[PDB]
Every structure is written in structure tokens, then in C-alpha cells.
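A quick write-up on the structure given underneath.
Number of protein chains: 6
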Amino acid sequence: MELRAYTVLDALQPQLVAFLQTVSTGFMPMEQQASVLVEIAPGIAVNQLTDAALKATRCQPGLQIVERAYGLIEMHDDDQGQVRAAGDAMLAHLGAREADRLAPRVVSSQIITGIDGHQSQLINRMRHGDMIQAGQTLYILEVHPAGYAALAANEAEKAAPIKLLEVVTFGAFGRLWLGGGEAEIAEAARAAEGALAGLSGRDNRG
Amino acid sequence: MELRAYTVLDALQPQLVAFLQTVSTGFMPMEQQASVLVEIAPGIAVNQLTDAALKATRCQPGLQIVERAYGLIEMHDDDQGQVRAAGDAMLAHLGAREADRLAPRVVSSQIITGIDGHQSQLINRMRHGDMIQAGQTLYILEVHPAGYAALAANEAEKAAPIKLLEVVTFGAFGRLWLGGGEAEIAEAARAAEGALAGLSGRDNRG
Amino acid sequence: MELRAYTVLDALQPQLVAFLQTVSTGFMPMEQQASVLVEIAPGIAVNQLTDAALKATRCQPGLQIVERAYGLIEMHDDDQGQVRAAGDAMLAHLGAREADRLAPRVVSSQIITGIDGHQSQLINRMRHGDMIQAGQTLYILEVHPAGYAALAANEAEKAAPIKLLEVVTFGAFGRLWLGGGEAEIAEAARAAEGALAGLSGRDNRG
Amino acid sequence: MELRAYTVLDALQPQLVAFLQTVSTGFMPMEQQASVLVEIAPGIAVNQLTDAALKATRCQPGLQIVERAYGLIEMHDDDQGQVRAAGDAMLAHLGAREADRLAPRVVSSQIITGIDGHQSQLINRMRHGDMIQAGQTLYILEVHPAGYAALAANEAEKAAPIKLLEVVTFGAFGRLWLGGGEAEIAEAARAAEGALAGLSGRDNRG
Amino acid sequence: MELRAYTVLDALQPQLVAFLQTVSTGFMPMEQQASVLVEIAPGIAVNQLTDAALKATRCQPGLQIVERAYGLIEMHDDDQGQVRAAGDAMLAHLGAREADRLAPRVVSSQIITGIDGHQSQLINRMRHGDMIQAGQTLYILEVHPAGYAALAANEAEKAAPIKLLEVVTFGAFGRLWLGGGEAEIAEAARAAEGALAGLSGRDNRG
Amino acid sequence: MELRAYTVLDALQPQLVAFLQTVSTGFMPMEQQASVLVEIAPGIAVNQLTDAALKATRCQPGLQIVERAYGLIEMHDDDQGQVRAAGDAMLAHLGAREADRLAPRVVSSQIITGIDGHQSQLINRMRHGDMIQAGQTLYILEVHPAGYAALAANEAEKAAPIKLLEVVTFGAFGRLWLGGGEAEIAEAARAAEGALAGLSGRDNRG
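Chains as they are written, first to last, in the working numbering: chain A, 1 to 206; chain B, 1 to 206; chain C, 1 to 206; chain D, 1 to 206; chain E, 1 to 206; chain F, 1 to 206.
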């Protein structure tokens, strides 16, 4: 098993919670809960980590995804101590440490101001979070590995009042779409990429 | 055969446009366009109305729904005069005047303040518009016939800064879910209900 | 309890077979097979009919639908005699004769020539059969009860080279959409309507 | 306005829990939790009941369904007393006592032994619970109103080792499909029907 | 950003239009409009191209896809001058020229005559375009990169009267399924592969 | 064309049949039929194999999948002689022999005893076969190439009374989830991996 991504979110922000409540297949997170996300290869082996975390802690799983190649587990609890114990149990099962994850790589990042009404339509049709209106500012981010998109979303939301349009935290690449005012989006993007730049991990230049 | 609902929306507001862009099966509406919605029985006969409107005007259809019993067509254009011409062409084909529609009946209307986070989750999972967060105020409206829900949504959005969560404008009953601050929701609800109460039509008692 | 619709189709035509192969949940029909369709209330009791037919004949079920109120079973075989035997076994279990079905009621029937390209789009998005192009002729039919729509489709296809766009043979109402040239559609519509008008049954007024 | 169905399930059995975990849109139930289900008209007004229950108790909602006409809410908790308190809060908001519900009506009930492999296929394609194999015994039940189907499922599972194939507890009618051995299904069916026949309520004739 | 595919379609043919009207998520194309398709890596960055094209021209976007790795944008207009200006704006944003695209590679190509009725069933179940019947001829094509499948479909349709069954113009590989008569399919395949062979671009031998 | 996987299943076991009846897009298999599965690259070329098998034998196709990169065909018949003739026809078309397939590789394999109720929920939500309950034992297997998962499932089911929860026999990797008692799962896993270890084929160490 290879550790691809590992992140602890100290407190889930309300828009990310509402988004996860929309798309998650397990037990629903609630506002301000702590969360840990672990992405590994091979995919189906993530079930071993879920079992390790559940037998060790009272965390509940919100997301478990076995996709084309990779596997992702998200677990949450009111108490950060429980979420960190769950992460510890999963890392122990892997024989790994936190820094054995891949360092996040920003593949693509752009702020698009004054979006055309035809492009807001395309985003609205695709997204599962909030809607966007013509003339607002759009932030798009693509990251590798995918598991770091949730951290980027949560840190964006902490930093400025923006709208979470879509976050995809599994796949070959992770993706984030935000909408809002120009100044607010610039601050949110600053915070999201700053959070990713500060993480330890294996070289991942692609 | 029967005209159930007829409404002209003078200018589509941005959240209702974003919602319609998400759920519509035809040609996408844009902000501030005019729109006309016509609901009839029997369902498949709405195709006759669509043909009449398209041959007479430049309007484009956003929604055509043939559901269990009823049929709904929505047409839009930049020009209110084109939209009223489309509506008039459809009324003419049906053999009706606007006042032969059913008068809207408010089946249920309620404001729920300070929603619990578990109910926020339920709404987020169901809706196709914006998301709602714990502690916000929810407005819920059920109307008969269903085709009046869009007018209610548009007039609510004009009146106050609220979030459009979900609007269902076809079926046995039409339904509207809005979210936001308490004072804003109270104003939006007054505007929605006032719009429905001012419409002429045939007596439509439960 | 009630026999709503009963039809034996002597030979399934190729476009109707291709459509049924697209939407059916059971065992796929093939070209020129015979078929029997039975619609009853209450819905779940159609399972009793299916069991009776399967224990008595070699027929295979293509469709079994238990919808809001009603239940539909379609069975097919290379041999018309097996299919009539299956239908007879189902009628016997129900306690009925063929003529205890509801006589078909044409709710609406219309030919629309020279369809606008915007209406072609609406039909293409909705349908599960062939596509339609701008300027072609559309036939739309609504029948009650719904289970007679398949007979209408099959007889239409026998009579003229048309395109089967959509046929809905369960629900509160049955619906048929055909496309093609004007003369061809006129002949297909005559054949569909004539097939329904020739069927015995209980008076079924609106 | 109307109370249609009201049931308290003292302890959710493991197959019904696994089924609800598959289809529910809210917070997942767990084995042996208590549950209360309330079905009303009009549909959207179920949101008022959900709010009343959440503000009064610790119960969590598993299902909230606003369908064509009706609304259903299911709430659960480890403690039967919390669940009865939630039900009482909802009855109070509605203005009702438990006995103002509609008495359950068995629309259809049948055991089909030795199912044909073609019918096993049809059931497997439709269901969301366990699978059924050729030659097993099938129990089918249709009840009115729909909200009583869950009680029937839970009591069936308590009484005998059977397989829960499908339970539909909202709509115009509620439906239950069970599979297993002949003697086991006979005992489960007796328990389901006995549970429904023992409930007080308003006369509910067809 | 890497330019993978670039194609200008001078006039969209009616079956391809009907297909795109079925599957597209944006603004619907119409018969005989011009279209430009651009496929790039990384996926989410296609939003930058969409914005560039929309701010420069009056083209409307029919398809915007962000898939596992790649991104695709399609834009159309009545006037080829607008579509070519949109392509120019997108290429300018990329710092690229048309010949910086990958040359198309035919991965697999086959004509299958007299298809068996069991194989026409499989195709009918999968496809989103027209249906196929037993005994007709099938053309299957797989191309790399995927973005060239639309050009192949449009040129096929120009060349001979065939049926467009399915075209997949994004992914790791693009795919095309056509049905019809043997002579017509042979001509359509000739035209489709001839169009791909004539395009400039980077060596792409795989 | 490259032969990736080739397996003949002498007799399909009842749970695998019920699963295939749930997910298959072609002609439904029945209990104890023989089956052959062939996986190749490139994807769309699997249509050539389907045509070869159908023109040579009376087998019927249950599954035909053209996924991101690969193609899979499954064909079945009551008589193993017909299924082996179909496999022979497909291998002859490829110019291949059975041992030209990739040898199966077990990527990941684990037995998880006493599963937590939160993890049984996650499995129940994901799966298409039988349900799993809290405290049961889970077997998870990931294999490469994907086409060998069906053989593993069938051999597991022969070996011990277990529950087939999910089997994914196409993709980059094949996956199998089983549930049941600890001793039964250990025997089923033994049989599944033993079957894969005994197959000839090209070196496939990954």
C-alpha cells in the first residue's frame, strides 16, 4: 500500500459541510467537526484503514470511495483528539508516517473575473454546491494527488466569504471551483494554495 | 382539456435563472429575460402549444415536461413583448383567455426559523439550487396547480436577498424552498404569497 | 382489482423491438416475436400473473413494472400460440375474459407538420428511441389506460416507414411519439388509431 | 391536512437497517435502534414535523420524502423513549392523536412458492435489498397508506429468517417483497399481516 | 497546458446535431451551425479557453467536459467567422498554433456486416443516438486523442446516408458507432478516416 | 488487439447469476449456465469478438462493456460445448491462444473479521449484490487485469456458503467483496485465489 494523501481538517466549515452532506455516502458530517482524509493505492485496501480507525476510535466515516485506481476514506468527530487518533491508527496500519504522503502539487490555478453568463450556466449545470451568477469571479484549482482538494476548500472558506461551487477530492486529480467577489476570491485562493504549499511529503513534481 | 396555470414573468432573476439552467432540458434562459409558463391537461398536448409559440415568435423553450397527468411549457426571450405574444399564441390554440386558468391555491406556507443542522442536511441532499446552513431560516410553500411555483420564486427573489434552494413547478403540486435570514425570508414570503393572491382565475378550492 | 389493458401483438416490428431492448428490465425481445401485455390494479399483484404465465408456457418476460398504482407485465415468444397461452393463463388467474379490459380511450391525437428545430431538440432530449430532425412531421398520441400504447406503436410501424421516438406503455396514461415524413406519419397514425378503435372492452369514458 | 400513517418500531432489525442504509437520504440508522415513521398530507408540511421533533429530542432523521402528494419522515435513536417523544412532538404539532391515523388496509397479500428463474431475475433487477434465487418462495404485500410498509418489514424479520428484497414505504401504496424458504416466509407473512391488523385508526376502506 | 485536439466543423449535420442536443450540458447547437472543438490538458484549465472565446465572440458553448485527465470545450455559431475567431482566441490563450495539436491516430477501425440481433440489442442499450436493427451494417472506430471523434462523425454523415448511433468525443480515446447499409457505411467510413488522415499535427504514433 | 483476460466458467452459481442479472445490459444468464469472459484492448474492438462468437454459436451475450481503455464480452449457454466454441471463435479472431492472456495478479487481498456497523453501512450503500450486517466477516480482493474477478467470484461461491456483495469485472482493476462467517469466508478466499493462481498466461508482475 502507498500513502498518497493525508490531511487533518481541524474544523469543517459550513459550506464544505453542506457540500459533503450532499455527495457523501456514509455518515453525515456536521458543522465544526474535525475530519481526517486518507488516500491510498491500491483502492480496495482503503477498507483496511476504515476498519482500523473504527475499531480504535468513535469517529464516523463520511466518504469511502474506491475509484479506478485509488481509495479514499474520510472520518469525522466533534473532538479533534478522536480524529487524530483515527489518523494515527490508519498510519500505523500502513507502517507509514504523515510525511510519507505525496507533497501536494498545484497542477493548474486561475482566477477568472467577470464570468460570462454562458460560462456560469456551464458551471451551474456541473456543480453540486452553491450556484454562480453572471459577472461573478471564478477560482479553479487542480491538484495532485486528488485527496488534498478538501483541505484547499476548507482553508479557502476560512479565509474569505466565498461560495463553494464544487470540490472533487478523489480521482487522478483533485479539483476545486469557487465563486464570489474578486477581492474575496483572491484571498481564498491565497489561503488555499498557502495551505497546500506548507505540507510536508515526498517529492511530487510530476 | 384544461388550462391549469398561466404566468408571465417579466424578468427572470439571477438565482432562478441559475436554477433553471441546472434543471432545464431545452434552451437555457439568461438573466433578465422574460418567460411565460403554461400548464395544461392532457400532458402530451403541450406539444401543440409549443409548436404554436415557436411558429409565431422568436421565443426559445427552456422546459417542456410531460409528467404523469399534466404538461408544462416554459418559453423565454429578451423581449417581454415576444414572450406575451408566445403566451397569447398558446392561449389562442387552447381556446382560452388568461383568466380561464385555475386561480392559485396556497396549500401550505410556513417559515421555520433556526433550522436544526440535521434538517439543513436533509434539504441540502434534496435540492438543486443553493445550499442551506444550520441555524438559517427556511421558507416552504406548496401551491396548486404546480405551474405557479416559478412566479412565486421569481417574486420572492425580487423582494429580498434570499437563497433559492429548490423550486418544483410541475406535478400534482408545486413547491418552493427558500433559505436565508429571518427578516429577508419574511419579506420574500410576503412577496411570493402576494403574487399568487393577486392572480385572476377560476375558483380552485380544495 | 381490475383488468385495465390486454393486448396480443402478433409480431413485434424491428423499431419497437429496438426500443424495448433499450428500456426493458427483463429478458430481451427479438424481431418478429409475439408478445402479450397485461395491465392491472393493484400493482404488486402483477407478480401473480407473471408466475401463472411462466409456469404454463415458455414465454419470457421483457417488462414487469409496478408503478404508482398499476402493474404491467409483457411476455414474448417466437410462437404466437405460446403467447396467447400465456395471456389466457393470466386472464384465468385474474378471473377475467379479454373483453373485461377497459376499451381504449384516445385522450389526444395530433399530427404536427414541419416541426421547429427547437421542438426537435426537446423531443430528442426526452426520447429513448430514434432521433428526430428539424422540419420532420411529429405524431403524438395519449391513450387511457396506458397499456395500449405498445399495440398502437406496433401497428403504426407495420403500416408505414416512420421513426419510433418514444412509447410509454405504463402510468396513468400511455403515450406515443413518432417522427417522419408527412404522408408516412398520416398512414401510421391511421393504423394506430384504427387498432385501438377496433378493440372490445368495458366502456371507458373520461 | 391529514395524518395518514404513524408507527413506532421498537427495535430495527438488521436486514431492514441494511436496506434503510442503502436507500436513505439522511442520517443512517443502526441495528436495534428505535424508529418512528409519520406520513401526512400535504407533502411539504412534513418539514414542520421534522423541525418539531429535532428541537424536542436527540433523534436523527433517516428519511424525509416529499413525493407527489404525501410527506414521510423517519426518525431514530438508541432510546425508545426519545423516539416516542419525537413521535409525540410530531403528533402534537399536527393536532392529532395516534389513533387519528388511517387504519392499515391490506390491498393485496400473496405467497408465491417455487418462483421461476425468469421471475427471480425480474425481482433482482428491481430490488435494493437482498437477492433472490430460482425456486425460492416470494411474499408480496401492498398496503394503504404506504407508511405502514416499514412496520410490516420489521415484524416479518423478527418472526423468521427471511430475506428482505424490497420495501417501499412512501407513495400511493406501500409495498413489501420478501424471499426465502416456504415455511419461513409463511411465518414472516403472518407476522407482517398481524402487525397491521392490530393497529388502531380511522376506518380506511377502498 | 497541452493542446491535444483542435477541429473546426464548417456545418454541423442534422444527426450529429440531434445527438449533441441529447447529451450536451450547455447551449444547444442547431442544424448547419459551425462549431469548434478544443481538447487540452490539464482538464480544469479548459475554463480559461471558454472564457477567452466568450469574451471575444458571440459563440455559445454546447459542451464543456472536465473528465479524469482532459478538458473539452465545444462552441458554435451560425457564422463560421465567429467560430474561427473563437478558435483563434483559444489558441492565442494557449500560445499555440493549430498544428500544435496531436495528429489523429486511428486505434481501431472495422466494418461488421449483417449484425446479429443479439449484438444490435447490445448497441441499442448503450447508444444515445439512433437505434440499429438486426442485419444492418455496423462501423466502429476508436481514435486518439478523443476530441477528433466529432469531426469523424460529421464527415461520415456528409458522405453517405447512415445512422449515427453513438459518438464519444472525450476520454482517453474517442469512439464512433454508425449503422446502415453496407455500401453507405463503407463510404461513410472512407470519409471519416480520410478526414482524420488529412490533419496536420504533432507525431502521435502511440 | 491484445488479449488481457480469458476465462471459461463451467457453471454459473446462483448468487453470481443473480448479481449478473442485476447489472448486465444484454441477455440474462440463468443458473448453472456455462459462460466465457474475454477482456481485450482496444476497447471498441471487442465488438469484433462478439460478432465472431454469435455467428459461430448459439451463445447469448450478457455483458458487453467498452470502458475507458478496455473491452469485455461475456457469453453464456446451457451447454459448455457452445461456450467453449464461442471462446475458440474469439481466440481465432484474435490470432491468439488461451495462454496469451495475462496471468492473473492478486493486487490486494484481505479478510476483515467482525466488521463495524459503520463499515457495513458503507458496503451496503455501494454494493449491487446481497447486503452485509454488522459483525460479519468481509473479504476484499483486487486483481489485475479486471476480467478475472468473475472467475474468483464463481469459485468462491462453489467453495463455501458466503454472500456475494459486489464484483467488478472490468476497469483498470477487478474487485470482489464477499460477506459471511469467518470460517466460510476463509474457505471462499482460499478457493478464489487458488483458482487465479492456477491459470496460465503471460508474466504479469506489475
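For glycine and all other residues, C-beta sits at the position ideal for the given N, C-alpha and C.
**Reference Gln32 of chain A; option with closest CA among A:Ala89, A:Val17 and A:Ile123** = Among A:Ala89, A:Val17 and A:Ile123, the Cα nearest to that of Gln32 of chain A belongs to A:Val17.
**Item:** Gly87 of chain E - containing alpha helix (DSSP H), residue span
**Value:** Counting along the chain, the alpha helix (DSSP H) containing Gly87 of chain E begins and ends at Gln80 to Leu94.
**Asked** Roughly how many angstroms separate the alpha carbons of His118 of chain A and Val38 of chain E, rounded to a whole number?
**Response** So the alpha carbons of these two residues sit roughly 17 Å apart.
**Asked** First and last residue of the beta strand (DSSP E) that includes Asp77 of chain B?
**Response** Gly71 to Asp77 is the extent of the beta strand (DSSP E) around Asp77 of chain B.
**Buried or exposed by the 16-neighbour rule on C-beta atoms within 10 Å, applied to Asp78 of chain F** = Note on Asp78 of chain F: under 16 other CB atoms within 10 angstroms of its CB, so exposed under the neighbour-count rule.
**Prompt:** Since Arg202 of chain A and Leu102 of chain A are thought to touch, with beta carbons under 8 Å apart, how far apart are those beta carbons, to the nearest angstrom?
**Reply:** At roughly 5 Å, the Cβ-Cβ gap stays under 8 Å, so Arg202 of chain A and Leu102 of chain A are in contact.
**At least three beta-carbon pairs within less than 8 Å, the region 54-62 of chain A to the region 164-178 of chain A** = At 8 Å Cβ cutoff, the stretches do not touch.
**Asked** Quick one: does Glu31 of chain F have its CB under 9 Å from some CB of chain D?
**Response** Output row for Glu31 of chain F: interface = yes.
**Message:** Using 9 Å as the threshold, is the C-beta distance between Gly180 of chain D and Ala160 of chain D below it?
**Reply:** In this structure, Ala160 of chain D lies closer than 9 Å to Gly180 of chain D by Cβ.
**Item:** Minimum Cβ-Cβ distance from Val23 of chain B to chain D less than 9 Å
**Value:** Interface criterion not met: the Cβ of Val23 of chain B is under 9 Å from no Cβ in chain D.
**Asked** Based on Cα-Cα distance, which residue from A:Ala34, A:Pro104, A:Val23 and A:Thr50 lies nearest to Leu138 of chain F?
**Response** For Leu138 of chain F, the closest of A:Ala34, A:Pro104, A:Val23 and A:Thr50 by C-alpha to C-alpha distance is A:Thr50.
**Message:** Checking 9 Å against the spacing of the C-beta atoms, do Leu141 of chain E and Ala150 of chain E come in under that value?
**Reply:** The answer is no: Cβ separation not under 9 Å.
**Request:** Determine the extent of the beta strand (DSSP E) in which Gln60 of chain C is found, giving its start and end residues.
**Result:** Secondary structure note for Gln60 of chain C: its beta strand (DSSP E) is the uninterrupted segment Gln60 to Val66.
**Message:** Quick test of your reading: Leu178 of chain C and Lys163 of chain C, contact by CB under 8 Å. State the CB separation rounded to the nearest angstrom.
**Reply:** Contact flag correct, Cβ pair sits at about 6 Å.
**Request:** Output, in sequence order along the chain, the residues in the region 174-189 of chain D whose CB is closer than 7 Å to any CB in chain C.
**Result:** Under the 7 Å Cβ criterion, the region 174-189 of chain D contributes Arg175.
**Prompt:** CA-CA distance, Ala41 of chain D and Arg97 of chain D?
**Reply:** Each residue's CA atom was taken as its position, placing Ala41 of chain D and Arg97 of chain D some 16 Å apart.
**Request:** Thinking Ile73 of chain C and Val46 of chain C are a contact (beta carbons under 8 Å), I'd like their distance in whole angstroms, please.
**Result:** Rounded, the Cβ-Cβ distance is 5 Å, consistent with contact.
**Burial state of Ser35 of chain A, where buried means 16 or more other Cβ atoms lie within 10 Å** = When all chains shown are included, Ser35 of chain A counts as buried.
**Item:** chain F residues whose Cβ lies nearer than 9 Å to that of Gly201 of chain A
**Value:** Per Cβ cutoff of 9 Å: no residues; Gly201 of chain A is ~23 Å from chain F at best.
**Asked** Leaving out the 5 sequence neighbours to the left and right, which residues in its chain are closer than 8 Å to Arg127 of chain C when beta-carbon positions are compared?
**Response** In the same chain as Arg127 of chain C, and ignoring 5 residues on each side of it, the C-beta atoms closer than 8 Å to its own belong to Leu165, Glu166 and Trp177, in chain order.
**Request:** Just mark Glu182 of chain A as buried or exposed, buried being the case when its beta carbon has 16 or more other beta carbons within 10 Å.
**Result:** By the neighbour-count rule (16 or more Cβ atoms within 10 Å), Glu182 of chain A is not buried but exposed.
**Asked** Which term fits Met30 of chain E, buried or exposed, when burial requires 16 or more other beta carbons within 10 angstroms of its beta carbon?
**Response** It counts as buried.
**Prompt:** In the region 89-171 of chain B, which residue ranges form an unbroken alpha helix (DSSP H) of at least 4 residues, counting only runs that do not cross its ends?
**Reply:** Within the region 89-171 of chain B, the complete alpha helix (DSSP H) runs of at least 4 residues are 117-126 and 149-159.
**Item:** Limits of the unbroken beta strand (DSSP E) element including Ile40 of chain F
**Value:** Taken as a continuous stretch (DSSP letters only), the beta strand (DSSP E) holding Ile40 of chain F covers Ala34 to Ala41.
**Message:** Which of the three DSSP states is assigned to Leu3 of chain C in this structure?
**Reply:** Look at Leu3 of chain C here: in three-state DSSP terms it is strand.
**Prompt:** DSSP state of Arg205 of chain E, grouped into three classes?
**Reply:** In the three-state reduction of the DSSP assignment, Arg205 of chain E falls in the coil class.
**Item:** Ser120 of chain D classed as buried or exposed, judged by whether at least 16 other C-beta atoms fall within 10 angstroms
**Value:** Buried, by the Cβ-count rule.
**Item:** is_contact[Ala153 of chain B, chain G] using C-beta, thresh 9 Å
**Value:** The structure shown contains no chain G; the protein chains it does contain are A, B, C, D, E and F.
**Prompt:** So, using beta-carbon positions, are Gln48 of chain A and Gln15 of chain F closer together than 9 Å?
**Reply:** The Cβ-Cβ distance between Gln48 of chain A and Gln15 of chain F does not fall below 9 Å.
**Asked** Applying a beta-carbon distance threshold of less than 7 Å, which residues of chain B neighbour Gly26 of chain A?
**Response** By Cβ distance, chain B contributes nothing, its closest Cβ being about 13 Å from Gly26 of chain A, past 7 Å.
**Message:** Measuring alpha carbon to alpha carbon, tell me which residue in C:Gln133, C:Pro104 and C:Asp100 is nearest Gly114 of chain C.
**Reply:** Nearest of C:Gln133, C:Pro104 and C:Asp100 to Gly114 of chain C, Cα basis: C:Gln133.
**Asked** Tell me which same chain residues have a C-beta within less than 6 Å of the C-beta of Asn154 of chain B, skipping the five on either side of it?
**Response** So the qualifying residues of the chain are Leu9, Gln13 and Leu16.
**Message:** For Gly95 of chain C and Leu3 of chain C, what's the separation of their Cα atoms in angstroms?
**Reply:** Straight-line measurement puts the Cα of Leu3 of chain C at about 9 Å from the Cα of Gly95 of chain C.
**Item:** 7 Å Cβ cut-off: residues of chain A touching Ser108 of chain F
**Value:** Residues of chain A whose Cβ lies closer than 7 Å to the Cβ of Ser108 of chain F are, in chain order, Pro42, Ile44 and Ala45.
**Asked** Assuming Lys55 of chain B and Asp116 of chain C make a contact with CB atoms under 8 Å, what is their CB distance in whole Å?
**Response** Rounded, the Cβ-Cβ distance is 7 Å, consistent with contact.
**Request:** Check each candidate in C:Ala11, C:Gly26, C:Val83 and C:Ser200 and name the one with the smallest Cα separation from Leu122 of chain D.
**Result:** Nearest option by C-alpha distance: C:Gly26.
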